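Comments concern the structure below.
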Amino acid sequence: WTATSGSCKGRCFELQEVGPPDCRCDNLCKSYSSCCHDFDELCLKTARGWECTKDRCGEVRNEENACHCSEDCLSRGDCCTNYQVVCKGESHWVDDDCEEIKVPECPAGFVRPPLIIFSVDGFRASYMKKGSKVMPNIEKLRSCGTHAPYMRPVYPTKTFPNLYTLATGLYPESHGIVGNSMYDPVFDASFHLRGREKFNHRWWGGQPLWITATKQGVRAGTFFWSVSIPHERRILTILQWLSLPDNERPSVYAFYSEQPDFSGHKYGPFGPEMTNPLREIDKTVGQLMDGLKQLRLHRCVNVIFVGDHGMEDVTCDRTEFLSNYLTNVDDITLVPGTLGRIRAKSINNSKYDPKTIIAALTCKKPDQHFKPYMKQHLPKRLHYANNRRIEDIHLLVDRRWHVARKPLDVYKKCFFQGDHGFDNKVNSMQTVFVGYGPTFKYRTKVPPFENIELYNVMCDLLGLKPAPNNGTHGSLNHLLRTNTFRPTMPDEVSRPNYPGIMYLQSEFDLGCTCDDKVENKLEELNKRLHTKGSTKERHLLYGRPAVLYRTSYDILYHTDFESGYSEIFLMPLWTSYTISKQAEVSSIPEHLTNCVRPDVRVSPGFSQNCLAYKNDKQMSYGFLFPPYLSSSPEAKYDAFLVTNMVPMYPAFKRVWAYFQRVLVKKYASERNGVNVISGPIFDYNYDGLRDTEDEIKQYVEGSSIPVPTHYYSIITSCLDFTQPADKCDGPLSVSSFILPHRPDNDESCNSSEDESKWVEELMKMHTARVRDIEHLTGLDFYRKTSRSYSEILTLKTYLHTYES
Ligand SMILES: *[C@@H]1O[C@H](CO)[C@@H](O[C@@H]2O[C@H](CO)[C@@H](O[C@H]3O[C@H](CO[C@H]4O[C@H](CO)[C@@H](O)[C@H](O[C@H]5O[C@H](CO)[C@@H](O)[C@H](O)[C@@H]5O[C@H]5O[C@H](CO)[C@@H](O)[C@H](O)[C@@H]5O)[C@@H]4O)[C@@H](O)[C@H](O[C@H]4O[C@H](CO)[C@@H](O)[C@H](O)[C@@H]4O[C@H]4O[C@H](CO)[C@@H](O)[C@H](O)[C@@H]4O)[C@@H]3O)[C@H](O)[C@H]2NC(C)=O)[C@H](O)[C@H]1NC(C)=O
Ligand SMILES: N#Cc1cc(Cl)cc2c1C[C@@H](Nc1ncc3c(n1)CN(S(=O)(=O)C1COC1)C3)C2
Ligand SMILES: [Ca+2]
Ligand SMILES: [Ca+2]
Ligand SMILES: [K+]
Ligand code: NA
Ligand SMILES: [Zn+2]
């Protein structure tokens with residue numbers, strides 16, 4: 001209940017919202033049906049429109065007008081944005097030459113350059129080039145400031161998940177807004193775009209920018225605007241707030257446009273109807289910048305132009321129906337559209353079985369346009385599992401398609417031509433980033449980056465300490481002229497042991513055999529030098545990874561590779577090796593097929609055993625350093641050490657053997673050598689973070705050998721590919737992956753074919769950042785390069801996407 005009989009007199013767009021039952025005058029009161037009775041009259045004035053004309057110049061102030069062209073307007077802070085242009089012979093901001101902003105040029109009493117976030121819904125990255133002729137204001141921000149060719153949203157590429165990731169620096173799994181629609185089983189409550197539940201604070205986790213600011217003594221404009229407040233009024237409200245007294249004036253503001261998303265849904269991303277919405281957004285930018293120029297703030301404010309997600313061509317005819325797959329369609333609830341989320345319609349139904357639903361959805365039709373996943377099997381780069389609001393069963397929908405439960409859902413609720421929500425690596429989902437102002441660089445292009453990184457930079461622009469978030473603070477220092485964040489590398493927590501030869505072969509009772517009895521003090525000296533690390537500079541190019549947790553581990557050197565061997569997990573945390581462009585692939589000799597050799601540097605009690613793999617009828621083994629890439633027949637024996645062995649499902653060994661035998665050589669050929677770091681990952685609670693030993697749900701039968709959930713590889717070379725990976729003087733180039741360790745290839749519908757037709761496709765789907773691998777292993781890579789630490793942070797956030 002609201003007492004709407006109070007008044008908005010002197011309270012229009014007040015910054016502190018009042019508590020029910022008192023009536024509201026803030027920019028969200030309409031959305032709560034809580035505005036005072038006189039809000040429209042006083043606060044949403046329209047008379048005479050948004051623009052000064054030659055006949056209004058010097059007019060007698062009339063308080064009914066939407067904006068003023070009277071001599072007193074600059075002093076009151078409520079001039080029409082074009083006042084100085086029409087009435088005082090000034091130029092529009094867009095007509096002025098770009099001039100470098102080396103220092104903030106602020107009015108007296110400004111403590112810091114304000115930040116204005118200009119957020120646009122559905123603004124696809126390619127609009128910057130394809131619409132450039134109709135967006136001169138946006139084009140000038142872009143060419144004069146700092147811009148990325150695109151900015152990667154988070155999955156799912158929906159509005160609220162992305163806007164709240166911009167506000168928090170958190171993945172949706174961590175902030176709690178995991179969709180535009182959600183069921184929380186603990187609350188037994190549903191979140192929807194329409195209605196009141198979505199206003200309850202219990203949905204919204206982490207700490208958004210406006211709260212971070214307020215807690216650190218920085219005032220904030222309210223970021224959310226009720227849909228019926230016209231854009232012109234939003235901009236006039238921000239400009240009036242910027243005229244408030246010093247002690248009352250916010251330092252951070254947001255503008256929001258529902259366009260171009262609203263029109264994109266109706267007309268498709270590139271419908272001829274899309275030109276007008278782009279022109280109108282550009283005009284709104286023009287109004288802001290002309291208004292800042294009037295207040296002498298156009299060389300003071302940092303402006304960010306940012307989108308939430310792009311827009312793809314999607315039509316009602318490109319819908320898959322679960323009713324064409326399942327017998328039991330009335331027993332499930334589907335969250336539908338550009339992703340699917342499935343749960344039981346009733347928790348009372350004991351016949352519901354996720355295993356049977358997955359199997360009925362798996363490679364059933366030859367061109368199926370969706371793929372089912374248990375959420376823990378989704379590509380780790382999506383970070384979309386660790387939340388009770390994310391259903392166990394997920395459908396990754398192909399770009400251009402929808403999934404629905406039954407046909408009547410699509411025509412009893414069409415005419416839409418655009419949609420978004422797909423995998424956040426799809427080109428059509430990419431969105432925009434421009435930064436303009438004293439703190440941003442001048443005429444600077446930066447590589448594409450993820451939207452989870454922006455919170456940290458917005459905190460830097462405002463002198464704020466960020467709440468704990470998923471950005472990597474410093475990775476975007478190259479966007480900034482000043483206010484850079486200069487972090488120190490994390491301290492190593494565990495120092496390695498360097499074991500020498502300590503065990504006789506007869507002490508090992510592992511049930512292993514190797515045909516390796518083949519008896520020269522030239523080569524006996526050499527053997528010893530390789531075991532002490534004489535080749536370690538070729539194979540460990542960027543230093544030893546640091547272990548950032550308490551554990552027991554050994555560094556093991558060999559001719560062709562170096563490893564950090566965990567005495568707790570009985571396998572390497574990491575294996576590092578370099579493959580030159582000239583390197584030769586060889587076979588595993590016939591006599592060495594089943595060869596496993598005790599490591600006389602490592603106790604029997606800290607070793608795997610072959611008898612466990614023999615008894616485990618589901619589990620086999622592979623090697624981290626591939627025997628196929630041995631430098632010599634003699635060096636190949638090293639690759640069959642028990643300390644190089646890791647547990648692998650036979651189905652996964654098909655993937656791993658193709659990677660090691662074919663793809664490593666291919667990358668060294670293409671990139672002029674590569675350095676490879678490979679290893680296991682254990683994430684049984686799918687939280688994206690390294691498991692402790694007590695979290696492991698599967699062992700090799702009858703043993704303490706834990707079974708990885710994933711295998712990673714980090715593949716590094718010289719960005720200037722005219723230099724070999726091992727003699728690179730400049731920046732690096734990296735690609736990585738985190739491959740699910742699965743006992744079947746059900747994910748790969750073409751897996752009955754030769755690995756050359758499916759394995760590289762799988763690996764591209766499971767592309768990762770080095771930072772993703774850092775979280776999952778507790779390792780810190782690239783500790784010893786010639787490069788600046790911020791540059792290394794940028795490299796560790798790189799994702800190789802494989803989009804054209
Ligand atoms: C991205 O970046 C984020 C932020 O840095 C990071 O997420 C953080 O990771 C930590 C580990 O997973 C975790 O630390 C502690 O969590 C709780 C404290 O939780 C509350 O307090 C903070 C501070 O304000 C809140 O932010 C937090 O918000 C979460 O929950 C809200 C309400 O439930 C919700 O609105 C919000 O969205 C958010 O949900 C998310 O996180 C939770 C977990 O906190 C998930 O469950 C959700 O799914 C969602 O993902 C809370 O209100 C501490 O209590 C923990 O300590 C436990 O657990 C330890 C075991 O490892 C143990 O040592 C401790 O002694 C203690 O044990 C006790 O409790 C156990 C579990 O209940 C029990 O089994 C045990 O036997 C014993 O009784 C953690 O220290 C942060 O909360 C988390 N923050 C946020 C904002 O998410 C991410 O990891 C990265 N992601 C990547 C990939 O890097
Ligand atoms: N969180 C956050 C955040 C972070 C930044 Cl950096 C900027 C902004 C926001 C919030 C944003 N304002 C805003 N105002 C109103 C509305 C929205 N956003 C989104 N909707 S909607 O209902 O989802 C949509 C579909 O029909 C309209 C209405 C401005
Ligand atoms: Ca949106
Ligand atoms: Ca984990
Ligand atoms: K076996
Ligand atoms: Na298959
Ligand atoms: Zn939309």
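Convention: chains lettered A, B, ... in structure tokens order; per-chain residue numbering from 1; ligands numbered from 1 as shown.
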Where does region 719-756 of chain A meet region 610-631 of chain A within 12 Å, residue by residue, with the nearest atom pair and distance in Å to one decimal for each, counting only C-alpha atoms, listed by chain and rising number, as JSON lines?
{"residue": "A:741", "atom": "CA", "partner": "A:619", "partner_atom": "CA", "distance": 11.2}
{"residue": "A:742", "atom": "CA", "partner": "A:619", "partner_atom": "CA", "distance": 10.8}
{"residue": "A:743", "atom": "CA", "partner": "A:618", "partner_atom": "CA", "distance": 8.0}
{"residue": "A:744", "atom": "CA", "partner": "A:618", "partner_atom": "CA", "distance": 10.7}
Same residues, N, CA and C atoms, saved as a short mmCIF file (atom, residue, chain, number, x, y, z; two decimals), in the first residue's frame:
data_model
loop_
_atom_site.label_atom_id
_atom_site.label_comp_id
_atom_site.auth_asym_id
_atom_site.auth_seq_id
_atom_site.Cartn_x
_atom_site.Cartn_y
_atom_site.Cartn_z
N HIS A 741 37.04 -35.05 -18.97
CA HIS A 741 37.54 -36.44 -18.88
C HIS A 741 36.32 -37.36 -18.81
N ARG A 742 35.74 -37.69 -19.94
CA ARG A 742 34.43 -38.39 -19.94
C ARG A 742 34.65 -39.84 -20.38
N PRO A 743 33.88 -40.81 -19.85
CA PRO A 743 34.03 -42.19 -20.26
C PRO A 743 33.37 -42.58 -21.57
N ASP A 744 32.76 -41.62 -22.26
CA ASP A 744 32.11 -41.82 -23.56
C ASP A 744 32.36 -40.54 -24.36
#
All residues 6 Å or closer to residue 676 (chain A), only C-alpha atoms, same chain fewer than 6 positions away omitted, as a ChimeraX atom specification: /A:576-577,714-715
Restricted to N, CA and C atoms, what would the selected residues look like written as a short mmCIF file (atom, residue, chain, number, x, y, z; two decimals), in the first residue's frame?
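Produced file result_0.cif, reproduced below:
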data_model
loop_
_atom_site.label_atom_id
_atom_site.label_comp_id
_atom_site.auth_asym_id
_atom_site.auth_seq_id
_atom_site.Cartn_x
_atom_site.Cartn_y
_atom_site.Cartn_z
N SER A 576 55.71 -29.69 -18.53
CA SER A 576 56.13 -28.61 -19.43
C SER A 576 57.12 -29.14 -20.48
N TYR A 577 56.86 -28.89 -21.73
CA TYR A 577 57.76 -29.32 -22.81
C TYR A 577 57.62 -28.40 -24.01
N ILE A 714 48.14 -25.76 -21.98
CA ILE A 714 48.43 -24.34 -22.28
C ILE A 714 49.50 -24.34 -23.36
N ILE A 715 49.21 -23.73 -24.49
CA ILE A 715 50.12 -23.84 -25.65
C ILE A 715 50.59 -22.46 -26.00
#
Within 8 Å of ligand 3, which residues show up when you count only C-alpha atoms and all ligand atoms? List them as a JSON list (two decimals) with N, CA and C atoms, in the first residue's frame, please.
[["chain", "number", "residue", "atom", "x", "y", "z"],
["A", 120, "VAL", "N", 23.58, 0.40, -23.57],
["A", 120, "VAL", "CA", 22.68, 0.10, -24.71],
["A", 120, "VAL", "C", 22.42, -1.41, -24.77],
["A", 121, "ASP", "N", 21.16, -1.74, -24.76],
["A", 121, "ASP", "CA", 20.65, -3.13, -24.81],
["A", 121, "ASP", "C", 20.70, -3.65, -26.25],
["A", 122, "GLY", "N", 21.29, -4.82, -26.45],
["A", 122, "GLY", "CA", 21.26, -5.49, -27.77],
["A", 122, "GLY", "C", 22.15, -4.85, -28.82],
["A", 157, "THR", "N", 23.70, -15.04, -22.72],
["A", 157, "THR", "CA", 23.78, -13.72, -23.31],
["A", 157, "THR", "C", 22.39, -13.08, -23.31],
["A", 158, "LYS", "N", 21.86, -12.88, -22.11],
["A", 158, "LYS", "CA", 20.57, -12.26, -21.80],
["A", 158, "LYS", "C", 20.84, -10.98, -21.01],
["A", 159, "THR", "N", 19.85, -10.10, -20.92],
["A", 159, "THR", "CA", 19.97, -8.71, -20.42],
["A", 159, "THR", "C", 20.40, -8.69, -18.96],
["A", 160, "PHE", "N", 19.59, -9.25, -18.06],
["A", 160, "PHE", "CA", 19.85, -9.04, -16.60],
["A", 160, "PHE", "C", 21.15, -9.70, -16.17],
["A", 162, "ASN", "N", 23.82, -10.08, -17.94],
["A", 162, "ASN", "CA", 24.94, -9.23, -18.43],
["A", 162, "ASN", "C", 25.02, -7.90, -17.69],
["A", 163, "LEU", "N", 23.92, -7.18, -17.53],
["A", 163, "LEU", "CA", 23.91, -5.88, -16.84],
["A", 163, "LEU", "C", 24.41, -6.11, -15.42],
["A", 258, "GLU", "N", 16.74, 0.79, -23.92],
["A", 258, "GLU", "CA", 16.11, -0.49, -24.30],
["A", 258, "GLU", "C", 16.40, -0.80, -25.78],
["A", 261, "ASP", "N", 17.90, -3.34, -28.81],
["A", 261, "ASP", "CA", 17.38, -4.71, -28.56],
["A", 261, "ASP", "C", 15.89, -4.76, -28.95],
["A", 307, "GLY", "N", 27.59, -2.21, -24.30],
["A", 307, "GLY", "CA", 26.37, -2.99, -24.48],
["A", 307, "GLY", "C", 26.33, -4.16, -23.55],
["A", 308, "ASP", "N", 25.17, -4.82, -23.48],
["A", 308, "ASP", "CA", 25.05, -6.05, -22.68],
["A", 308, "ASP", "C", 25.29, -7.30, -23.53],
["A", 309, "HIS", "N", 24.87, -7.36, -24.81],
["A", 309, "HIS", "CA", 24.93, -8.56, -25.67],
["A", 309, "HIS", "C", 24.57, -8.09, -27.07],
["A", 310, "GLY", "N", 24.78, -8.94, -28.06],
["A", 310, "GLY", "CA", 24.38, -8.66, -29.44],
["A", 310, "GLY", "C", 22.97, -9.18, -29.70]]
Under the rule of at most 10 Å, produce a per-residue listing of chain A near ligand 6: chain, number, name, the closest pair of atoms, and the distance in Å, as JSON lines, using only C-alpha atoms and all ligand atoms.
{"residue": "A:362", "atom": "CA", "partner": "ligand 6", "partner_atom_place_in_ligand_line": "1 (Na)", "distance": 8.8}
{"residue": "A:363", "atom": "CA", "partner": "ligand 6", "partner_atom_place_in_ligand_line": "1 (Na)", "distance": 7.7}
{"residue": "A:651", "atom": "CA", "partner": "ligand 6", "partner_atom_place_in_ligand_line": "1 (Na)", "distance": 9.6}
{"residue": "A:744", "atom": "CA", "partner": "ligand 6", "partner_atom_place_in_ligand_line": "1 (Na)", "distance": 7.2}
{"residue": "A:745", "atom": "CA", "partner": "ligand 6", "partner_atom_place_in_ligand_line": "1 (Na)", "distance": 4.4}
{"residue": "A:746", "atom": "CA", "partner": "ligand 6", "partner_atom_place_in_ligand_line": "1 (Na)", "distance": 3.8}
{"residue": "A:747", "atom": "CA", "partner": "ligand 6", "partner_atom_place_in_ligand_line": "1 (Na)", "distance": 5.8}
{"residue": "A:748", "atom": "CA", "partner": "ligand 6", "partner_atom_place_in_ligand_line": "1 (Na)", "distance": 4.4}
{"residue": "A:749", "atom": "CA", "partner": "ligand 6", "partner_atom_place_in_ligand_line": "1 (Na)", "distance": 4.2}
{"residue": "A:750", "atom": "CA", "partner": "ligand 6", "partner_atom_place_in_ligand_line": "1 (Na)", "distance": 5.7}
{"residue": "A:751", "atom": "CA", "partner": "ligand 6", "partner_atom_place_in_ligand_line": "1 (Na)", "distance": 4.3}
{"residue": "A:752", "atom": "CA", "partner": "ligand 6", "partner_atom_place_in_ligand_line": "1 (Na)", "distance": 6.4}
{"residue": "A:753", "atom": "CA", "partner": "ligand 6", "partner_atom_place_in_ligand_line": "1 (Na)", "distance": 9.0}
{"residue": "A:758", "atom": "CA", "partner": "ligand 6", "partner_atom_place_in_ligand_line": "1 (Na)", "distance": 9.3}
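Interatomic distance, CA of residue 225 (chain A) to CA of residue 256 (chain A): 7.1 Å.
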Ligand 1: which residues are within 6 Å, counting only C-alpha atoms and all ligand atoms? Reply as a PDB file with N, CA and C atoms, in the first residue's frame.
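Saved file pocket-v9.pdb follows:
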ATOM      1  N   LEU A 170      31.103 -10.233 -11.498  1.00  0.00           N
ATOM      2  CA  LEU A 170      30.900 -11.650 -11.137  1.00  0.00           C
ATOM      3  C   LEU A 170      30.307 -12.382 -12.327  1.00  0.00           C
ATOM      4  N   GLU A 173      26.736 -17.325 -12.209  1.00  0.00           N
ATOM      5  CA  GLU A 173      26.650 -18.403 -11.210  1.00  0.00           C
ATOM      6  C   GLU A 173      26.931 -17.806  -9.831  1.00  0.00           C
ATOM      7  N   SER A 174      27.744 -16.755  -9.743  1.00  0.00           N
ATOM      8  CA  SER A 174      28.165 -16.190  -8.444  1.00  0.00           C
ATOM      9  C   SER A 174      27.219 -15.037  -8.027  1.00  0.00           C
ATOM     10  N   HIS A 175      26.789 -14.156  -8.933  1.00  0.00           N
ATOM     11  CA  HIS A 175      25.870 -13.058  -8.582  1.00  0.00           C
ATOM     12  C   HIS A 175      24.435 -13.568  -8.390  1.00  0.00           C
ATOM     13  N   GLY A 176      24.043 -14.662  -9.030  1.00  0.00           N
ATOM     14  CA  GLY A 176      22.709 -15.271  -8.785  1.00  0.00           C
ATOM     15  C   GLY A 176      21.721 -14.977  -9.881  1.00  0.00           C
ATOM     16  N   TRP A 204      19.719 -10.937  -5.828  1.00  0.00           N
ATOM     17  CA  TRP A 204      20.846 -10.120  -6.313  1.00  0.00           C
ATOM     18  C   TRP A 204      22.016 -10.293  -5.349  1.00  0.00           C
ATOM     19  N   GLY A 205      23.002 -11.076  -5.733  1.00  0.00           N
ATOM     20  CA  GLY A 205      24.185 -11.298  -4.887  1.00  0.00           C
ATOM     21  C   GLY A 205      25.339 -10.387  -5.272  1.00  0.00           C
ATOM     22  N   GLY A 206      26.468 -10.648  -4.660  1.00  0.00           N
ATOM     23  CA  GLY A 206      27.683  -9.816  -4.766  1.00  0.00           C
ATOM     24  C   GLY A 206      27.458  -8.372  -4.368  1.00  0.00           C
ATOM     25  N   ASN A 386      27.642 -23.588 -10.836  1.00  0.00           N
ATOM     26  CA  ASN A 386      27.719 -23.544  -9.355  1.00  0.00           C
ATOM     27  C   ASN A 386      26.636 -22.639  -8.768  1.00  0.00           C
ATOM     28  N   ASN A 387      25.378 -22.978  -8.993  1.00  0.00           N
ATOM     29  CA  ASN A 387      24.236 -22.210  -8.464  1.00  0.00           C
ATOM     30  C   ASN A 387      23.034 -23.169  -8.487  1.00  0.00           C
ATOM     31  N   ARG A 388      22.309 -23.215  -7.375  1.00  0.00           N
ATOM     32  CA  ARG A 388      21.095 -24.071  -7.244  1.00  0.00           C
ATOM     33  C   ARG A 388      20.015 -23.581  -8.192  1.00  0.00           C
ATOM     34  N   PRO A 468      35.513  -8.440  -3.933  1.00  0.00           N
ATOM     35  CA  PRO A 468      36.038  -9.660  -4.543  1.00  0.00           C
ATOM     36  C   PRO A 468      35.272 -10.102  -5.792  1.00  0.00           C
ATOM     37  N   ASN A 469      35.940 -10.255  -6.925  1.00  0.00           N
ATOM     38  CA  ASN A 469      35.155 -10.470  -8.177  1.00  0.00           C
ATOM     39  C   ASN A 469      35.950 -11.395  -9.096  1.00  0.00           C
ATOM     40  N   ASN A 470      35.441 -11.646 -10.312  1.00  0.00           N
ATOM     41  CA  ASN A 470      36.029 -12.648 -11.222  1.00  0.00           C
ATOM     42  C   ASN A 470      36.891 -11.969 -12.276  1.00  0.00           C
ATOM     43  N   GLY A 688      34.537 -24.327 -10.237  1.00  0.00           N
ATOM     44  CA  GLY A 688      35.592 -23.682 -11.041  1.00  0.00           C
ATOM     45  C   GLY A 688      36.893 -23.590 -10.280  1.00  0.00           C
ATOM     46  N   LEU A 689      36.993 -24.182  -9.096  1.00  0.00           N
ATOM     47  CA  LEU A 689      38.164 -24.066  -8.202  1.00  0.00           C
ATOM     48  C   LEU A 689      38.716 -25.447  -7.865  1.00  0.00           C
ATOM     49  N   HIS A 775      42.510 -20.973 -11.660  1.00  0.00           N
ATOM     50  CA  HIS A 775      41.448 -21.210 -10.661  1.00  0.00           C
ATOM     51  C   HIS A 775      41.334 -22.712 -10.348  1.00  0.00           C
TER      52      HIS A 775
END
Neighbours of residue 224 (chain A) within 12 Å (only C-alpha atoms; same-chain residues fewer than 3 positions away dropped), as a PyMOL selection string? chain A and resi 13+15+26-31+117-119+160+163-164+167+199+210+220-221+227+229+234+253-258
Output file for the residues above (N, CA, C and O atoms, as a short mmCIF file (atom, residue, chain, number, x, y, z; two decimals), in the first residue's frame):
data_model
loop_
_atom_site.label_atom_id
_atom_site.label_comp_id
_atom_site.auth_asym_id
_atom_site.auth_seq_id
_atom_site.Cartn_x
_atom_site.Cartn_y
_atom_site.Cartn_z
N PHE A 13 13.17 13.19 -9.07
CA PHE A 13 14.38 12.38 -9.30
C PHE A 13 15.30 12.51 -8.08
O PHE A 13 16.49 12.58 -8.22
N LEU A 15 17.44 11.11 -4.96
CA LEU A 15 18.47 10.06 -5.10
C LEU A 15 18.28 8.96 -4.04
O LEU A 15 18.60 7.79 -4.38
N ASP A 26 11.52 9.07 -7.24
CA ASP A 26 12.82 8.61 -7.82
C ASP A 26 12.59 7.98 -9.20
O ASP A 26 11.45 7.78 -9.60
N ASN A 27 13.67 7.66 -9.91
CA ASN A 27 13.58 7.22 -11.32
C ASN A 27 12.99 5.80 -11.44
O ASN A 27 12.69 5.48 -12.59
N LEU A 28 12.73 5.05 -10.35
CA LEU A 28 12.05 3.73 -10.38
C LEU A 28 10.62 3.77 -9.82
O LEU A 28 9.98 2.72 -9.84
N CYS A 29 10.10 4.90 -9.34
CA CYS A 29 8.78 4.88 -8.63
C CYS A 29 7.69 4.31 -9.56
O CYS A 29 6.85 3.55 -9.06
N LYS A 30 7.73 4.60 -10.86
CA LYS A 30 6.71 4.11 -11.81
C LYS A 30 6.68 2.58 -11.82
O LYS A 30 5.58 2.01 -11.92
N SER A 31 7.85 1.96 -11.72
CA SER A 31 8.02 0.48 -11.83
C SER A 31 7.40 -0.21 -10.62
O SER A 31 7.16 -1.42 -10.67
N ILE A 117 28.12 5.94 -17.33
CA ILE A 117 27.99 4.68 -18.09
C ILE A 117 26.77 4.80 -19.02
O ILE A 117 25.65 5.02 -18.56
N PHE A 118 27.00 4.80 -20.31
CA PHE A 118 25.91 4.87 -21.30
C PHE A 118 25.69 3.46 -21.84
O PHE A 118 26.45 2.99 -22.71
N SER A 119 24.71 2.76 -21.29
CA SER A 119 24.45 1.34 -21.59
C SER A 119 23.30 1.21 -22.56
O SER A 119 22.22 1.83 -22.37
N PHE A 160 19.59 -9.25 -18.06
CA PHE A 160 19.85 -9.04 -16.60
C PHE A 160 21.15 -9.70 -16.17
O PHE A 160 21.92 -9.13 -15.42
N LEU A 163 23.92 -7.18 -17.53
CA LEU A 163 23.91 -5.88 -16.84
C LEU A 163 24.41 -6.11 -15.42
O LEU A 163 25.20 -5.26 -14.95
N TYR A 164 24.01 -7.17 -14.75
CA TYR A 164 24.44 -7.34 -13.35
C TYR A 164 25.89 -7.81 -13.29
O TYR A 164 26.58 -7.43 -12.33
N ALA A 167 27.82 -4.66 -13.42
CA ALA A 167 27.73 -3.98 -12.11
C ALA A 167 28.63 -4.61 -11.04
O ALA A 167 28.99 -3.83 -10.13
N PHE A 199 12.22 -7.71 -7.77
CA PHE A 199 12.63 -6.54 -6.96
C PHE A 199 13.15 -7.03 -5.61
O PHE A 199 13.83 -6.25 -4.95
N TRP A 210 27.30 0.65 -7.51
CA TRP A 210 26.64 1.78 -6.80
C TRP A 210 26.77 1.53 -5.29
O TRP A 210 26.96 2.50 -4.55
N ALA A 220 26.35 7.94 -5.73
CA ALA A 220 25.95 7.33 -7.01
C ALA A 220 24.53 7.75 -7.39
O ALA A 220 23.70 7.77 -6.52
N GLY A 221 24.30 8.14 -8.65
CA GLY A 221 22.99 8.15 -9.30
C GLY A 221 22.40 6.75 -9.32
O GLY A 221 23.16 5.75 -9.25
N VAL A 227 10.57 2.29 -17.62
CA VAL A 227 10.55 2.26 -19.12
C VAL A 227 9.84 3.52 -19.67
O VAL A 227 10.27 4.02 -20.72
N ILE A 229 9.96 6.62 -18.66
CA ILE A 229 10.73 7.89 -18.62
C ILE A 229 11.43 8.01 -19.96
O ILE A 229 12.22 7.13 -20.32
N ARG A 234 15.85 11.18 -19.14
CA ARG A 234 16.94 10.49 -18.41
C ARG A 234 18.17 11.38 -18.51
O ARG A 234 18.87 11.58 -17.48
N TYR A 253 27.20 7.61 -12.54
CA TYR A 253 25.84 7.66 -13.16
C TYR A 253 25.71 6.58 -14.21
O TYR A 253 26.75 6.17 -14.83
N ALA A 254 24.47 6.14 -14.45
CA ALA A 254 24.18 5.29 -15.61
C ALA A 254 22.96 5.78 -16.36
O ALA A 254 21.95 6.07 -15.71
N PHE A 255 23.08 5.78 -17.67
CA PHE A 255 21.96 5.88 -18.62
C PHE A 255 21.71 4.51 -19.22
O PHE A 255 22.65 3.72 -19.36
N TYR A 256 20.45 4.22 -19.52
CA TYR A 256 20.09 2.94 -20.09
C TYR A 256 19.15 3.19 -21.25
O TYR A 256 18.21 4.00 -21.11
N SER A 257 19.43 2.54 -22.36
CA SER A 257 18.52 2.43 -23.51
C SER A 257 18.05 0.99 -23.77
O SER A 257 18.87 0.13 -23.92
N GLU A 258 16.74 0.79 -23.92
CA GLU A 258 16.11 -0.49 -24.30
C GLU A 258 16.40 -0.80 -25.78
O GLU A 258 16.13 -1.95 -26.19
#
For the interface of chain A with ligand 4 (cut-off 10 Å, counting only C-alpha atoms and all ligand atoms), please tabulate each contacting residue of chain A alongside its nearest pair of atoms and their separation in Å to one decimal, rows sorted by chain and increasing number, as a Markdown table.
| residue | atom | partner | partner_atom_place_in_ligand_line | distance |
| --- | --- | --- | --- | --- |
| A:386 | CA | ligand 4 | 1 (Ca) | 9.6 |
| A:681 | CA | ligand 4 | 1 (Ca) | 9.1 |
| A:682 | CA | ligand 4 | 1 (Ca) | 6.7 |
| A:683 | CA | ligand 4 | 1 (Ca) | 4.0 |
| A:684 | CA | ligand 4 | 1 (Ca) | 5.8 |
| A:685 | CA | ligand 4 | 1 (Ca) | 4.9 |
| A:686 | CA | ligand 4 | 1 (Ca) | 5.4 |
| A:687 | CA | ligand 4 | 1 (Ca) | 4.8 |
| A:688 | CA | ligand 4 | 1 (Ca) | 5.6 |
| A:689 | CA | ligand 4 | 1 (Ca) | 4.2 |
| A:690 | CA | ligand 4 | 1 (Ca) | 4.8 |
| A:691 | CA | ligand 4 | 1 (Ca) | 4.2 |
| A:692 | CA | ligand 4 | 1 (Ca) | 7.6 |
| A:695 | CA | ligand 4 | 1 (Ca) | 7.5 |
| A:696 | CA | ligand 4 | 1 (Ca) | 9.1 |
| A:709 | CA | ligand 4 | 1 (Ca) | 9.9 |
| A:775 | CA | ligand 4 | 1 (Ca) | 9.0 |
| A:776 | CA | ligand 4 | 1 (Ca) | 6.9 |
| A:777 | CA | ligand 4 | 1 (Ca) | 9.3 |
Residues within 6 Å of region 4-8 of chain A, please, as a VMD selection string. Count only C-alpha atoms; anything in the same chain fewer than 6 positions from it doesn't count. chain A and resid 23 25 36 to 37 39
Please measure the separation of CA of residue 756 (chain A) and CA of residue 637 (chain A), giving the value in Å to one decimal.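 Result for CA of residue 756 (chain A) versus CA of residue 637 (chain A): 28.0 Å, one decimal.
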